[PDB]
Amino acid sequence: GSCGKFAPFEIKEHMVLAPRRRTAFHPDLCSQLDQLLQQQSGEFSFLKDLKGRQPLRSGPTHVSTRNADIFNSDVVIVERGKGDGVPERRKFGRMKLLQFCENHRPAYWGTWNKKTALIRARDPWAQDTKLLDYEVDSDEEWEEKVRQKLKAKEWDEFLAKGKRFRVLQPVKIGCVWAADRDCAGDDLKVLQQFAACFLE
Amino acid sequence: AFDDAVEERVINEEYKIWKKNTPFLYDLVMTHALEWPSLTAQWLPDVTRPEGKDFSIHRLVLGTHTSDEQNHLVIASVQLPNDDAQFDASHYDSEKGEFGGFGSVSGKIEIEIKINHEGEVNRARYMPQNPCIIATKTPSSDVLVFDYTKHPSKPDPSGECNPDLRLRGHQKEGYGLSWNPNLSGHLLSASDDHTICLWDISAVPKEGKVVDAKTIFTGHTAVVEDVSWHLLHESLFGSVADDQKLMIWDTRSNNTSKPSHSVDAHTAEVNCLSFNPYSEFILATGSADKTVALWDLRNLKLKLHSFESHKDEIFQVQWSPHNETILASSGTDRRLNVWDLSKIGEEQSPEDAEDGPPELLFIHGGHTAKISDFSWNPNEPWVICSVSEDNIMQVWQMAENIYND
Amino acid sequence: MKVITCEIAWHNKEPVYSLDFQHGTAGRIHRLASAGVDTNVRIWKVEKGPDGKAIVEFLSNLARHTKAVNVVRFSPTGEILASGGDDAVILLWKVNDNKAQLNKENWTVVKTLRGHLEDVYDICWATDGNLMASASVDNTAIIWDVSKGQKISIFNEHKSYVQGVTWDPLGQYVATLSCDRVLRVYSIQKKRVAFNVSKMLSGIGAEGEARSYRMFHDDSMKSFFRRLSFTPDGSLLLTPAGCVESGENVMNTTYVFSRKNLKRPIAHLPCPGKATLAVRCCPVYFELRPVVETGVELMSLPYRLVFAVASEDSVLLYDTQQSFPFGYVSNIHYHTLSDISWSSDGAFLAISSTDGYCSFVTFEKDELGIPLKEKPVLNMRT
């Protein structure tokens, strides 16, 4: 659909375009509008019909390309250890992101569960005394158990063993020669631990 | 005199208290200071979702307002966290009792493309059929059309712009601009020359650089503040002018000096208009009366409703793409009011009525200066980007409990 | 060096007991053979990718075995594949090119060496390729005529399972390690026991008595194998599964014997932790590295040889002249290692363990050393 002298828009690999329309294409619709453009009858009250039905809404733009999002998971999560026993995450709500250009303090990324009855959306400048110390929070900040992700082999070993099972931490030491002068002394001693012992 | 100092002190105190109260009223706040003030702001339809990443990337079209420097049409990138990543049990602050911690997670706002532009960018709008094509209103009579794909990422070493298309027909600067969502290449512009210009750039040759006006409408007797195509009809378009008049024009009508319909919309200058996406008959116009009038196309003599909670002139009015009952309006009063149509004529408690009319839903007073232009995100609901006169761009979203409840 | 652990089971997650590269290869891509409990002998193609990581290509599957296959060995020419298992019969395979849907290439049995009573655990080829030696659970090590396909000699002096056999490259001896903590060296011509090595003295007793203990490990070892090996030049014999009593405790080690005398080792390479079970030497003679002129070298010759000793959960990479090993790898498999095998060029060291997965240790160009221009000629006795 090249318009004039301009090339058509090129959708990239992970690109999504918001829908150009929010309602199904009704064919006669436009023509009917023409009639309602000419009649100018005050019969219809839109606000009256608004309260008698549910508002028309649309969701966030999702991907719909053919064969777009197909993935594979080769890991099963095994959780071991009590840790600290933090409260349930679900009862804390969405994590709010609050960042400011003039704040030396880094961006805030976390939940907010404080409750007030006076900080209203109808009045953003509504003070809430004794609910939050009305001072700058930036100047003070100006100065500054186990969740294993087992693979198939590790999952089989965990099933065979149990909770006592732990993943393997491979230990490899590179080619360390006696002629090497810049070689690490730690690896040198670890390999000297296997030094040959001669018998006379 | 002392008026400027008093205003500055009051605005600074209001910004401080608003910043303190922002956790209760917002789920997303991103304050960014641009190099130059932007008179325009429009979300691009592109959203990139890199697989394996907990964020999406949106794009914004902005302008520059330089008193004595080279102006640029700007395309900028904004990173927004994914919905699935908004629930994360990373750290638990034992003191505040929240799953918070400032950490290192932050929204990345950076400029992607800068293009030269002779004079300030009054308003920049992209063609829906092709987001690569962007139309800009200059302080001159001509209207510029760019294809940012055919331009370098960094601007020219010197010299003014090299527009892909130059549109003639006007005789003074303007601010109202709209593409036709049903006819590709049909562009409408409104200027102080009391006329509305219509161009059809769908048949421009490859080497064609200047396009003359296809049609000129002269119904308005004052400065035509804004013009906007109808979202579903390829022949109807609305316009609001300084003559307190809103005109609905039909392109099939041969009389280009008399609109198909005329309405005395307001008692003073009407600066903007917008069509509801979910209703072919309903539109809204923001005036200098500090009011937003709701108009039904089936009955133009009677005003459906008048939103009255702004403290000064209103310059931009835009609907919510994801909700027909949600409207927004900004102006010189440094406030962005979000209204709910479903709350019109509802019984309100005496103390709640102190704050405003029942249809008023949210107030965005995070701007320290006049809000130049705001825009709704078409991909992320309730996300609004607003640019003000003090080179401040804010991409924000009010709290979920405010609208969902 | 690089370690690439194969995360895909070669033998249906059954334990893999043996590995061997095709010794006849002379290029860059090598052929490997694996034996497992699934009664299969699988031949694969191994080559380094553009990035330097080893890549395995499946070539053929040999399912003629009816029980677990424990030992797989390629002939020195790489033409004959010897496979032994719990069925007590050794199969000799050759490429079936006219002189099986899963196979890219085909192999067929040429000889079925019968004469063993129990599971076959180790096999070693002779240099000429016309003689073979095999060890089995039946307490006998059998020497076979490859050309005739018939049994030629039986050694029944063992008192338990025979878990390792090596053939002298100079054609003078055959070395067997059995579960009775006894090392036996048979004269290749007399067909009798030439040397018997079981005990070793350490230091001097507190009262001046001769404090002598047993060199080798008891049956407590988890590995079926005790695969000792001769040096490619034949100068040294490396026998794993040994014990050294440094003090009041014991330590696992690998003993190194010389041709000068076979009843006492020159030295022992200690492996604290698990016991050593396999020994395999790189077939490439390397030039001597510039090093201090100490008597550290196991043998003083104008060349050196790199070898590897595999314990239950680790692999140690030694050379000739140095004392400490130049390489160490561990914690790559969840169970006991079963076998190791070098490639023809020395670029690959394949390790197979009893958890069903194998791994490779890869060396880049001239990383192990500088190969000799001419491989030294051997002074065979015969």
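Determination of this PDB entry was carried out by X-ray crystallography to a resolution of 3.48 Å, according to the record.

Chain C goes by Chromatin assembly factor 1 subunit B in the PDB entry, where it is assigned to Homo sapiens. Of the comments in the UniProt record for chain C, the one headed Subunit (literature references left out) reads "Subunit of the CAF-1 complex that contains RBBP4, CHAF1B and CHAF1A. CHAF1A binds directly to CHAF1B. Only minor amounts of RBBP4 are complexed with CHAF1A and CHAF1B in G1 phase. In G2 and S phase also monomeric CHAF1B is detected. Interacts with histones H3.1, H3.2 and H3.1t." Check the Sequence similarities section of the UniProt entry for chain C; it says "Belongs to the WD repeat HIR1 family."

Per the PDB entry, chain A goes by the name Chromatin assembly factor 1 subunit A and belongs to Homo sapiens.

Draft legend 1. Expanded view of the overall build of chain C. From N to C terminus, chain C includes zero helices and 30 strands. Computed over C-alpha atoms, the radius of gyration of chain C comes to 20 Å, within 12% of the 21 Å expected from 2.2 N^0.38 for 382 residues, which places it in the range of a compact globule.

Draft legend 2. Geometry of the interface of chain A and chain C. The partner chain C presents 45 residues to the 29 residues of chain A that form the contact. Taken together, both faces of the contact between chain A and chain C bury some 3300 Å²; the carbon and sulfur share is 65%. The three residues of chain A that bury the most area against chain C are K153, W177 and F194 of chain A, which together make up 26% of that side's buried surface. In this structure, the connection of chain A to chain C is made through one salt bridge. Here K13 of chain C makes a salt bridge to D156 of chain A, at a shortest N to O gap of 2.5 Å. Where chain A touches chain C, the interface holds 11 residue pairs in polar contact. Elements with a minimum of two residues in the side of chain A that touches chain C: α4 (152–161), β6 (171–173), α5 (185–192) and β7 (197–198) of chain A. With four residues, α4 of chain A is the single largest residue contributor to the side of chain A that touches chain C. Across the side of chain A that touches chain C, the residue classes break down as 18 nonpolar, three polar and eight charged.

Draft legend 3. Layout of the sheet that holds strand β1 (residues 15–17) of chain A. Pairing in this open sheet of five strands is antiparallel, and the strands run β1(A)-β2(B)-β3(B)-β4(B)-β5(B) from one edge to the other. Looking at strand neighbours, the two that pair on one side only are β1 of chain A together with β5 (109–117) of chain B, the edges of this open sheet. Going from strand to strand, the sheet's axes swing by 30° on average, the running direction of each strand aside. Bridge count for strand β3 (residues 55–62) of chain B against strand β4 (residues 71–81) of chain B is eight bridges, and the pairing is antiparallel. Opposite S56 of chain B, over in β4 of chain B, you have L80 of chain B as the bridge partner.

Draft legend 4. Quick look at the nonpolar core. Counting 64 residues, the largest nonpolar core has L246, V292, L327, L341, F362, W376 and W396 of chain B as the members making the most contacts within it. Per element, the largest residue contribution to this core is five residues, and it comes from helix α1 (residues 2–25) of chain B. Here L327 of chain B is in contact with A284, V292, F307, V317, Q318, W319, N337, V338, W339 and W376 of chain B, once residues within four sequence places are set aside. With 27 residues, the next largest nonpolar core counts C175 of chain A together with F286, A308 and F363 of chain C among its residues.

Draft legend 5. Quick peek at the arrangement of the chains. Out of two pairs of chains that touch, the pair holding the most contacts is chains A and B. In this assembly chain B lies apart from chain C, the nearest approach of their C-alpha atoms being 23 Å.

Draft legend 6. Representation of the interface of chain B and chain A within the structure. Contact with chain B, which involves 117 residues of that partner, is made by 82 residues of chain A. At 11 residues, α1 of chain B tops the list of elements feeding residues into the side of chain B that touches chain A. Partitioning the side of chain B that touches chain A into residue classes produces 59 nonpolar, 34 polar and 24 charged.

Draft legend 7. The pattern of salt bridges, seen in detail. All names here are of chain B. Inspection of every chain in the model, using the stated rule, returns 34 salt bridges over all chains. Residue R166 is joined to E118 by a salt bridge in which the shortest nitrogen-to-oxygen separation is 2.8 Å. Of this pair, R166 sits in strand β9 (residues 165–167) while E118 sits in the loop between β5 and β6 (123–127); the two residues are 48 residues apart in sequence, bridging distant segments of the chain. Its relative accessible area of 24% is what places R166 among the partly exposed residues. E118 gets classed as partly exposed once you look at its relative accessible area, which sits at 25%.

Draft legend 8. Just the sheet that holds strand β11 (residues 131–136) of chain C, in detail. All names here are of chain C. Across the sheet, which stays open at both edges, the four strands sit in the order β10-β11-β12-β13 with antiparallel pairing between neighbours. The sheet is open, and its two edges are formed by β10 (120–125) and β13 (150–155), each paired on a single side. Mean inter-strand twist for the sheet, computed between neighbouring axes without regard to direction, equals 25°. By the bridge criterion, five bridges tie β11 to strand β12 (residues 141–145) in an arrangement that is antiparallel. Each bridged residue has a counterpart across the sheet, and for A135 the counterpart in β12 is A141.

Draft legend 9. Summary view of a positive patch on the surface. A contiguous patch of positive charge on the surface is contributed by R80, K82, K145, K163 and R166 of chain A. Here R80 of chain A lies in strand β2 (residues 76–80).

Draft legend 10. Summary view of α4 of chain A. Turning to α4 of chain A, its buried residues number three or more, namely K153, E154, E157 and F158 of chain A. Viewed end-on, α4 of chain A has its buried residues packed into an arc of 135°, placing them on one side of the element. As for α4 of chain A, its buried residues are in contact with β2 and β5 (146–150) of chain A together with β1 (2–5) of chain C. A positive backbone phi angle near 125° is found at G162 of chain A, which sits one or two residues after α4 of chain A.

Draft legend 11. Spatial organisation of the packing of aromatic side chains. All chains considered together, the criterion is met by 40 aromatic pairs over all chains. Both rings, one in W177 of chain A and one in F326 of chain C, keep their centres 4.4 Å apart while their planes meet at 10°; by these two values the pair is stacked. Taken together, the positions of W177 of chain A in the loop between β6 and α5 and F326 of chain C in the loop between β26 (314–318) and β27 (327–330) put the pair across two chains. Look at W177 of chain A and you get buried, because its relative accessible area is 3%. Note on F326 of chain C: relative accessible area 0%, which makes it buried. Sitting over the ring of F315 of chain B, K370 of chain B keeps its end group 3.5 Å from the ring centre.

Draft legend 12. Quick peek at unusual backbone geometry. All names here are of chain C. Non-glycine residue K13 carries a positive phi angle of around 60°. Summarising the element assignment, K13 is placed in the loop between β1 and β2 (16–21). The exposure class of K13 is partly exposed, given its relative accessible area of 45%. Positive phi, normally seen in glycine, also occurs at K191, with a value near 60°.

Draft legend 13. Layout of the side chain of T239 of chain C. Residue and element names in this part refer to chain C. Among the secondary structure elements, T239 is positioned in strand β21 (residues 236–244). Judged by relative accessible area, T239 falls into the buried class, the value being 0%. If we ignore the near neighbours within four places in the chain, the residues touching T239 are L183, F216, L228, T254, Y255 and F257.

Draft legend 14. Here's a closer look at the side chain of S311 of chain C. All names here are of chain C. Positionally, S311 belongs in strand β25 (residues 303–311). Within the structure, the side chain of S311 is placed 2.5 Å from the side chain of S314, a separation counted as a polar contact. For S311, the contacting residues outside a window of four places in its chain are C271, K274, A275, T276, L277 and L337.

Draft legend 15. Inspection of the environment of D84 of chain A at higher detail. Looking at the element boundaries, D84 of chain A is found in the loop between β2 and β3 (96–99). Between the alpha carbons of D84 of chain A and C3 of chain A there is a distance of 62 Å; along the sequence they are 81 residues apart.

The rules behind the values
- Residues numbered from 1 in each chain as written, not as in the entry; some residues may be left out.
- Chains lettered and ligands numbered in written order.
- Heavy atoms only, no water.
- Residues with missing side-chain atoms left out of burial classes, pairs and counts.
- UniProt positions renumbered as here; feature names shortened; annotations may be inferred.
- Helix = DSSP H or I, 4+ residues; strand = E, 2+ residues; numbered from the N terminus.
- Rg over C-alpha atoms; globule rule 2.2 N^0.38 Å.
- Contact = heavy atoms within 4.5 Å.
- Buried area = accessible area lost by both parts, 1.4 Å probe.
- Salt bridge = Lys/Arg side-chain N within 4 Å of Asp/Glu carboxyl O.
- Polar contact = N/O pair within 3.5 Å; in protein donor to acceptor, adjacent residues only side chain to side chain.
- Nonpolar A, V, L, I, M, F, W, Y, C, P; charged D, E, K, R; others polar.
- Pairing = 2+ DSSP bridges.
- Axes fitted to C-alpha atoms, helices over the stretch in contact; angles between N-to-C directions.
- Core = buried A, V, L, I, M, F, W, Y, C linked by side-chain atoms within 4.5 Å.
- Buried < 20%, exposed > 50% of the residue type's maximum accessible area, 1.4 Å probe, protein only.
- Patch = residues over 30% accessible without salt bridge, like charges linked within 9 Å, V, L, I, M, F, W, Y side chains within 5 Å.
- Areas by Shrake-Rupley, 256 points an atom, 1.4 Å probe, with all protein chains shown as cover.
- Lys, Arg positive; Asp, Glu negative; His and termini not counted.
- Charge placed at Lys NZ, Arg CZ, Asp CG, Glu CD.
- Arc of directions from axis to C-beta.
- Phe/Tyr/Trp six-rings, centres within 6.5 Å; stacked < 30°, edge-to-face > 60°.
- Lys NZ or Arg CZ within 6 Å of the ring centre and 35° of its normal.

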